[PDB]
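Structure file data.txt with compact mmCIF, C-alpha atoms:
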```
# COMPACT_ATOMS: atom_id res chain seq x y z
CA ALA A 74 -29.83 87.23 87.91
CA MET A 75 -29.47 84.32 85.48
CA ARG A 76 -32.50 82.19 84.59
CA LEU A 77 -32.58 78.46 83.87
CA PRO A 78 -35.32 76.23 82.40
CA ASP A 79 -34.42 73.19 84.53
CA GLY A 80 -36.68 74.31 87.38
CA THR A 81 -34.32 76.34 89.57
CA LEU A 82 -33.72 80.10 89.31
CA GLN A 83 -30.12 80.34 90.52
CA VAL A 84 -29.59 83.99 91.48
CA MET A 85 -26.11 85.47 91.98
CA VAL A 86 -26.43 87.77 95.01
CA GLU A 87 -23.63 89.74 96.68
CA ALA A 88 -25.00 90.89 100.04
CA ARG A 89 -24.15 93.96 102.14
CA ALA A 90 -24.88 93.34 105.84
CA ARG A 91 -27.35 91.80 108.27
CA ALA A 92 -30.52 93.44 109.56
CA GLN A 93 -33.13 92.48 112.15
CA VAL A 94 -36.59 91.17 111.26
CA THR A 95 -39.41 92.79 113.25
CA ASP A 96 -42.16 90.21 112.65
CA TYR A 97 -43.69 87.96 109.99
CA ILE A 98 -46.48 88.84 107.56
CA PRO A 99 -47.81 85.60 106.00
CA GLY A 100 -48.18 84.93 102.30
CA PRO A 101 -47.39 83.20 100.10
CA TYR A 102 -45.35 84.88 98.94
CA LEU A 103 -43.98 85.87 102.34
CA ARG A 104 -43.20 89.44 103.37
CA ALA A 105 -41.01 90.90 106.11
CA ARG A 106 -39.94 94.44 106.98
CA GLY A 107 -36.61 95.29 108.56
CA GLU A 108 -34.29 98.22 109.28
CA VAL A 109 -30.81 99.53 108.45
CA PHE A 110 -27.75 97.30 108.70
CA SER A 111 -26.91 96.03 112.18
CA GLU A 112 -23.16 95.99 111.46
CA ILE A 113 -21.53 98.85 113.39
CA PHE A 114 -17.96 100.10 113.79
CA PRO A 115 -17.13 100.65 117.49
CA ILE A 116 -14.32 102.56 119.20
CA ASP A 117 -10.74 101.25 119.55
CA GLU A 118 -10.30 100.18 115.93
CA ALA A 119 -6.64 99.30 116.53
CA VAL A 120 -7.82 96.20 118.40
CA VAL A 121 -10.26 95.66 115.53
CA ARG A 122 -7.44 95.59 112.97
CA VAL A 123 -5.24 93.44 115.23
CA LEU A 124 -8.05 90.90 115.56
CA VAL A 125 -8.70 91.07 111.81
CA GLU A 126 -5.05 90.25 111.08
CA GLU A 127 -4.99 87.48 113.69
CA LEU A 128 -8.18 85.93 112.32
CA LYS A 129 -6.85 86.18 108.76
CA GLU A 130 -3.67 84.33 109.77
CA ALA A 131 -5.68 81.74 111.71
CA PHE A 132 -7.99 81.11 108.75
CA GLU A 133 -5.04 80.90 106.35
CA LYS A 134 -3.53 78.21 108.57
CA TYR A 135 -6.94 76.53 108.89
CA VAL A 136 -7.52 76.37 105.12
CA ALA A 137 -3.93 75.47 104.21
CA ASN A 138 -3.80 72.46 106.53
CA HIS A 139 -7.33 71.35 105.57
CA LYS A 140 -6.43 69.86 102.19
CA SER A 141 -7.19 66.29 103.30
CA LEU A 142 -10.44 67.75 104.69
CA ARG A 143 -11.27 69.32 101.29
CA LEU A 144 -11.07 73.07 101.87
CA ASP A 145 -11.01 75.01 98.61
CA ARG A 146 -8.37 77.58 97.68
CA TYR A 147 -10.77 79.94 95.90
CA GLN A 148 -12.34 80.49 99.32
CA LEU A 149 -8.93 81.49 100.68
CA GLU A 150 -8.33 83.72 97.63
CA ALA A 151 -11.65 85.56 98.10
CA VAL A 152 -10.71 86.96 101.54
CA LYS A 153 -7.54 88.87 100.56
CA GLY A 154 -7.69 92.59 99.85
CA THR A 155 -10.76 93.65 101.83
CA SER A 156 -11.67 97.16 102.98
CA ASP A 157 -14.48 96.56 105.49
CA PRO A 158 -13.46 94.32 108.43
CA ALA A 159 -17.05 93.05 108.44
CA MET A 160 -16.54 91.98 104.82
CA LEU A 161 -13.48 89.93 105.79
CA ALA A 162 -15.19 88.49 108.87
CA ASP A 163 -18.32 87.33 107.04
CA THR A 164 -16.40 86.10 103.99
CA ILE A 165 -14.13 83.95 106.17
CA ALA A 166 -17.07 82.78 108.30
CA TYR A 167 -18.91 81.51 105.21
CA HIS A 168 -15.80 79.77 103.85
CA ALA A 169 -15.37 77.82 107.12
CA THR A 170 -17.70 74.84 107.52
CA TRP A 171 -19.78 74.30 110.66
CA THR A 172 -23.46 74.11 111.62
CA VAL A 173 -26.12 76.80 111.16
CA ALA A 174 -26.77 77.65 114.84
CA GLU A 175 -23.23 79.02 115.19
CA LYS A 176 -23.68 81.07 112.01
CA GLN A 177 -26.87 82.50 113.53
CA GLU A 178 -24.98 83.30 116.74
CA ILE A 179 -22.31 85.08 114.68
CA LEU A 180 -24.91 87.08 112.75
CA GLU A 181 -26.58 88.05 116.04
CA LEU A 182 -23.33 89.65 117.24
CA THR A 183 -23.52 93.24 116.00
CA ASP A 184 -20.15 94.02 117.61
CA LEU A 185 -17.29 94.15 115.12
CA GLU A 186 -14.92 92.38 117.55
CA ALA A 187 -17.34 89.85 119.07
CA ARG A 188 -17.94 88.27 115.67
CA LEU A 189 -14.18 88.11 115.06
CA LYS A 190 -13.61 86.47 118.45
CA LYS A 191 -16.38 83.93 117.82
CA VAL A 192 -14.93 83.08 114.40
CA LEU A 193 -11.50 82.70 116.01
CA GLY A 194 -12.90 80.34 118.64
CA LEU A 195 -14.76 78.25 116.06
CA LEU A 196 -11.65 78.05 113.88
CA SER A 197 -9.62 76.99 116.92
CA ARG A 198 -12.15 74.25 117.70
CA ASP A 199 -12.14 73.02 114.10
CA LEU A 200 -8.33 73.10 113.99
CA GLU A 201 -8.13 71.07 117.21
CA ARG A 202 -10.48 68.56 115.60
CA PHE A 203 -8.23 68.60 112.52
CA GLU A 204 -5.16 67.92 114.67
CA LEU A 205 -6.99 65.01 116.29
CA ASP A 206 -7.83 63.71 112.81
CA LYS A 207 -4.18 63.98 111.74
CA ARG A 208 -3.02 62.16 114.88
CA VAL A 209 -5.52 59.33 114.45
CA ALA A 210 -4.64 59.04 110.74
CA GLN A 211 -0.97 58.76 111.69
CA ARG A 212 -1.97 56.04 114.17
CA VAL A 213 -3.91 54.25 111.41
CA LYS A 214 -0.99 54.27 108.99
CA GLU A 215 1.37 53.18 111.78
CA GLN A 216 -0.97 50.26 112.48
CA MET A 217 -1.01 49.44 108.76
CA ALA B 74 -23.45 125.57 132.37
CA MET B 75 -26.84 125.14 130.71
CA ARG B 76 -30.27 123.54 131.11
CA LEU B 77 -31.24 120.39 129.21
CA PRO B 78 -34.73 120.12 127.67
CA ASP B 79 -35.57 117.15 129.93
CA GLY B 80 -35.18 119.17 133.14
CA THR B 81 -31.53 118.71 134.08
CA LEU B 82 -28.78 121.15 135.06
CA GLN B 83 -25.61 120.42 133.09
CA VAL B 84 -22.32 122.12 133.94
CA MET B 85 -18.83 121.41 132.62
CA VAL B 86 -16.20 121.98 135.32
CA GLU B 87 -12.66 121.05 136.33
CA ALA B 88 -11.98 120.43 140.01
CA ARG B 89 -9.63 122.94 141.64
CA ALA B 90 -8.39 121.54 144.95
CA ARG B 91 -9.27 119.28 147.87
CA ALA B 92 -10.24 120.59 151.31
CA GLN B 93 -11.47 119.40 154.70
CA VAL B 94 -14.93 120.25 156.02
CA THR B 95 -14.81 121.62 159.57
CA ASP B 96 -18.48 122.02 160.56
CA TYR B 97 -21.81 121.29 158.89
CA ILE B 98 -24.28 124.15 158.46
CA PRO B 99 -27.90 122.87 158.58
CA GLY B 100 -29.74 122.55 155.29
CA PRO B 101 -31.18 122.25 152.72
CA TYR B 102 -29.58 123.86 150.98
CA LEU B 103 -26.32 122.23 152.01
CA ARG B 104 -23.38 124.41 153.06
CA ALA B 105 -19.71 123.43 153.18
CA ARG B 106 -16.72 124.98 154.95
CA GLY B 107 -13.07 124.41 154.18
CA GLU B 108 -9.92 125.80 152.59
CA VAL B 109 -9.39 127.38 149.18
CA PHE B 110 -6.58 124.96 148.28
CA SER B 111 -4.50 122.40 150.18
CA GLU B 112 -2.68 120.50 147.43
CA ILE B 113 0.95 119.39 147.62
CA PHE B 114 3.07 120.34 144.61
CA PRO B 115 5.74 117.90 143.37
CA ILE B 116 9.06 117.69 145.21
CA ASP B 117 12.11 115.77 143.94
CA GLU B 118 10.71 115.70 140.42
CA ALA B 119 13.02 112.91 139.18
CA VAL B 120 11.10 110.21 141.07
CA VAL B 121 7.83 111.94 140.16
CA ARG B 122 8.64 111.84 136.43
CA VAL B 123 9.79 108.21 136.68
CA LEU B 124 6.49 107.36 138.39
CA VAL B 125 4.56 109.22 135.68
CA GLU B 126 6.33 107.22 132.96
CA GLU B 127 5.75 103.96 134.85
CA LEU B 128 2.06 104.76 135.32
CA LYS B 129 1.71 105.63 131.62
CA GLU B 130 3.28 102.30 130.64
CA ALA B 131 1.09 100.43 133.15
CA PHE B 132 -2.05 102.14 131.81
CA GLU B 133 -1.03 101.22 128.26
CA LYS B 134 -0.67 97.61 129.41
CA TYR B 135 -4.05 97.91 131.15
CA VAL B 136 -5.77 99.04 127.95
CA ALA B 137 -3.82 96.51 125.85
CA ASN B 138 -5.41 93.58 127.74
CA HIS B 139 -8.83 94.13 126.11
CA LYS B 140 -10.02 91.89 123.27
CA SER B 141 -13.82 92.11 123.68
CA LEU B 142 -13.87 94.82 126.40
CA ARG B 143 -12.78 97.75 124.25
CA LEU B 144 -11.88 101.07 125.88
CA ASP B 145 -11.77 104.57 124.42
```

Can the structure in the file be given as structure tokens, please?
Amino acid sequence: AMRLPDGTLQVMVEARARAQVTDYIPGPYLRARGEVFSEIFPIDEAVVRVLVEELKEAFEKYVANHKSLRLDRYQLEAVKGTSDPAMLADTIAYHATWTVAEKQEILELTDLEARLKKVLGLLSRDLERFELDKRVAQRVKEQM
Amino acid sequence: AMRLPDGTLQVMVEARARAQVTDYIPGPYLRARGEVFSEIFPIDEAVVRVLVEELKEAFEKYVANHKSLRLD
């Protein structure tokens, strides 16, 4: 927790897992009570690891091709060598850029495989958009 | 077998053999008639073993089709 005199207290936080919020107790400052982590490890972990590997490959392809779309390499370097599949899933989900409603939908999914499938679908959608961007850019340079 | 605290009779069993009911004795409690065992043991075990292997492979393919519908 590093402190600055400019007016912003930038705190370096490394989180653990999501948890549900029962209700809201007003402040300020605000208060809210929760429970234990909602991330759970279900049965059939072979499919879990297969989906983890597939999502890792998909995100590697997504980041590598997205250089014209300004995707950083430190984000790709921070997802290698992970123990918890939830760690890899959330780390990749943060490093991929989309809206906040889809991030909320991902965080709602307590299933270890549902979150992976949703991230895979979002990455596929963004990669299709990227392919469309590449095709239209090729058309633009051809027109030039 | 045992009794659960919520008022349920639990019993762990393995089925022995199928049989045909001849007549129904009035109940409750229900009564059943039949035979002790009427199963058919394997004959020409080559085809039986081939079918067992094929069914094992087909069940592995059945369980391999799940991506968000995980099975034990």

Practice task
Mind checking which residues fall within 8 Å of residue A:190, counting all atoms listed in the file, ignoring those fewer than 4 positions away in the same chain, and posting them as a PyMOL selection string?
Solution key: (chain A and resi 124+186+194) or (chain B and resi 141)

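Reported to one decimal place, the separation of atom CA of residue A:112 from atom CA of residue A:183 is 5.3 Å.
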
Handout entry: Proximity to residue A:193 - best of A:116, A:84, A:162, A:205, all atoms listed in the file
Key = A:162

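Using all atoms listed in the file, the part of chain A that sits within 12 Å of chain B is made up of residues 114, 115, 116, 117, 118, 119, 120, 121, 122, 123, 124, 125, 127, 182, 184, 185, 186, 187, 188, 189, 190, 191 and 193 of chain A.
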
Could you save those same residues with C-alpha atoms as a JSON list (two decimals), keeping the file's coordinate frame?
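Dumped to selection30.json:
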```json
[["chain", "number", "residue", "atom", "x", "y", "z"],
["A", 114, "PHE", "CA", -17.96, 100.10, 113.79],
["A", 115, "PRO", "CA", -17.13, 100.65, 117.49],
["A", 116, "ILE", "CA", -14.32, 102.56, 119.20],
["A", 117, "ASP", "CA", -10.74, 101.25, 119.55],
["A", 118, "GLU", "CA", -10.30, 100.18, 115.93],
["A", 119, "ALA", "CA", -6.64, 99.30, 116.53],
["A", 120, "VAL", "CA", -7.82, 96.20, 118.40],
["A", 121, "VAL", "CA", -10.26, 95.66, 115.53],
["A", 122, "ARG", "CA", -7.44, 95.59, 112.97],
["A", 123, "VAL", "CA", -5.24, 93.44, 115.23],
["A", 124, "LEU", "CA", -8.05, 90.90, 115.56],
["A", 125, "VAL", "CA", -8.70, 91.07, 111.81],
["A", 127, "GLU", "CA", -4.99, 87.48, 113.69],
["A", 182, "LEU", "CA", -23.33, 89.65, 117.24],
["A", 184, "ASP", "CA", -20.15, 94.02, 117.61],
["A", 185, "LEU", "CA", -17.29, 94.15, 115.12],
["A", 186, "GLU", "CA", -14.92, 92.38, 117.55],
["A", 187, "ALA", "CA", -17.34, 89.85, 119.07],
["A", 188, "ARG", "CA", -17.94, 88.27, 115.67],
["A", 189, "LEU", "CA", -14.18, 88.11, 115.06],
["A", 190, "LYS", "CA", -13.61, 86.47, 118.45],
["A", 191, "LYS", "CA", -16.38, 83.93, 117.82],
["A", 193, "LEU", "CA", -11.50, 82.70, 116.01]]
```

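The space between atom CA of residue A:149 and atom CA of residue A:76 spans 28.5 Å.
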
Exercise for the section: Could you please determine the separation between atom CA of residue B:135 and atom CA of residue B:119 in Å, to one decimal place? Expected result: 24.1 Å

Since fewer atoms than expected are present, regenerate N, CA, C and O atoms for stretch 87-111 of chain A and write them as a tab-separated table (two decimals), in the frame of the given file.
```
chain	number	residue	atom	x	y	z
A	87	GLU	N	-24.75	89.29	95.87
A	87	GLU	CA	-23.63	89.74	96.68
A	87	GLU	C	-24.20	90.67	97.75
A	87	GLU	O	-24.58	91.81	97.44
A	88	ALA	N	-24.28	90.19	98.98
A	88	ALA	CA	-25.00	90.89	100.04
A	88	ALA	C	-24.16	92.03	100.62
A	88	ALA	O	-22.98	92.21	100.29
A	89	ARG	N	-24.78	92.81	101.50
A	89	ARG	CA	-24.15	93.96	102.14
A	89	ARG	C	-23.92	93.74	103.63
A	89	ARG	O	-22.78	93.80	104.10
A	90	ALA	N	-24.98	93.48	104.40
A	90	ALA	CA	-24.88	93.34	105.84
A	90	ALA	C	-26.20	92.80	106.37
A	90	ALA	O	-27.22	92.80	105.68
A	91	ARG	N	-26.18	92.35	107.63
A	91	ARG	CA	-27.35	91.80	108.27
A	91	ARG	C	-28.28	92.90	108.78
A	91	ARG	O	-27.87	94.05	108.98
A	92	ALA	N	-29.54	92.54	108.98
A	92	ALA	CA	-30.52	93.44	109.56
A	92	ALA	C	-31.58	92.61	110.27
A	92	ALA	O	-31.87	91.48	109.87
A	93	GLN	N	-32.16	93.18	111.32
A	93	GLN	CA	-33.13	92.48	112.15
A	93	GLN	C	-34.49	92.43	111.47
A	93	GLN	O	-34.86	93.32	110.70
A	94	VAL	N	-35.24	91.37	111.77
A	94	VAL	CA	-36.59	91.17	111.26
A	94	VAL	C	-37.57	91.44	112.40
A	94	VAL	O	-37.53	90.76	113.44
A	95	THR	N	-38.44	92.43	112.21
A	95	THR	CA	-39.41	92.79	113.25
A	95	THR	C	-40.38	91.65	113.51
A	95	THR	O	-40.42	91.09	114.62
A	96	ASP	N	-41.17	91.28	112.51
A	96	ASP	CA	-42.16	90.21	112.65
A	96	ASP	C	-42.41	89.61	111.28
A	96	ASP	O	-41.71	89.92	110.31
A	97	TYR	N	-43.42	88.74	111.19
A	97	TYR	CA	-43.69	87.96	109.99
A	97	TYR	C	-45.09	88.26	109.49
A	97	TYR	O	-46.06	88.14	110.25
A	98	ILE	N	-45.20	88.65	108.23
A	98	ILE	CA	-46.48	88.84	107.56
A	98	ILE	C	-46.68	87.67	106.60
A	98	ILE	O	-45.88	87.52	105.66
A	99	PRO	N	-47.70	86.83	106.79
A	99	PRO	CA	-47.81	85.60	106.00
A	99	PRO	C	-48.16	85.88	104.54
A	99	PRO	O	-48.71	86.93	104.18
A	100	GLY	N	-47.82	84.91	103.70
A	100	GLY	CA	-48.18	84.93	102.30
A	100	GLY	C	-49.01	83.72	101.93
A	100	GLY	O	-50.07	83.48	102.52
A	101	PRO	N	-48.56	82.94	100.95
A	101	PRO	CA	-47.39	83.20	100.10
A	101	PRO	C	-47.71	84.17	98.96
A	101	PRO	O	-48.87	84.22	98.55
A	102	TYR	N	-46.73	84.91	98.46
A	102	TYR	CA	-45.35	84.88	98.94
A	102	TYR	C	-45.18	85.66	100.24
A	102	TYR	O	-45.93	86.60	100.51
A	103	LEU	N	-44.19	85.27	101.03
A	103	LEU	CA	-43.98	85.87	102.34
A	103	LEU	C	-43.47	87.30	102.21
A	103	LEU	O	-42.89	87.71	101.20
A	104	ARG	N	-43.69	88.08	103.27
A	104	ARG	CA	-43.20	89.44	103.37
A	104	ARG	C	-42.62	89.66	104.76
A	104	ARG	O	-43.04	89.03	105.73
A	105	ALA	N	-41.66	90.58	104.84
A	105	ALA	CA	-41.01	90.90	106.11
A	105	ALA	C	-40.33	92.25	105.98
A	105	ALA	O	-39.59	92.48	105.02
A	106	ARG	N	-40.57	93.13	106.95
A	106	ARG	CA	-39.94	94.44	106.98
A	106	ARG	C	-38.81	94.45	108.00
A	106	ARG	O	-38.88	93.78	109.03
A	107	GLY	N	-37.76	95.21	107.69
A	107	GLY	CA	-36.61	95.29	108.56
A	107	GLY	C	-36.17	96.72	108.82
A	107	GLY	O	-36.99	97.64	108.85
A	108	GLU	N	-34.86	96.91	109.00
A	108	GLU	CA	-34.29	98.22	109.28
A	108	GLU	C	-32.93	98.31	108.60
A	108	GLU	O	-32.58	97.49	107.74
A	109	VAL	N	-32.15	99.32	108.99
A	109	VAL	CA	-30.81	99.53	108.45
A	109	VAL	C	-29.89	98.43	108.94
A	109	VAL	O	-30.25	97.65	109.83
A	110	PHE	N	-28.69	98.36	108.36
A	110	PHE	CA	-27.75	97.30	108.70
A	110	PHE	C	-27.39	97.33	110.17
A	110	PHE	O	-27.21	98.40	110.77
A	111	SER	N	-27.27	96.14	110.77
A	111	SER	CA	-26.91	96.03	112.18
A	111	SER	C	-25.40	96.03	112.40
A	111	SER	O	-24.96	96.09	113.55
```
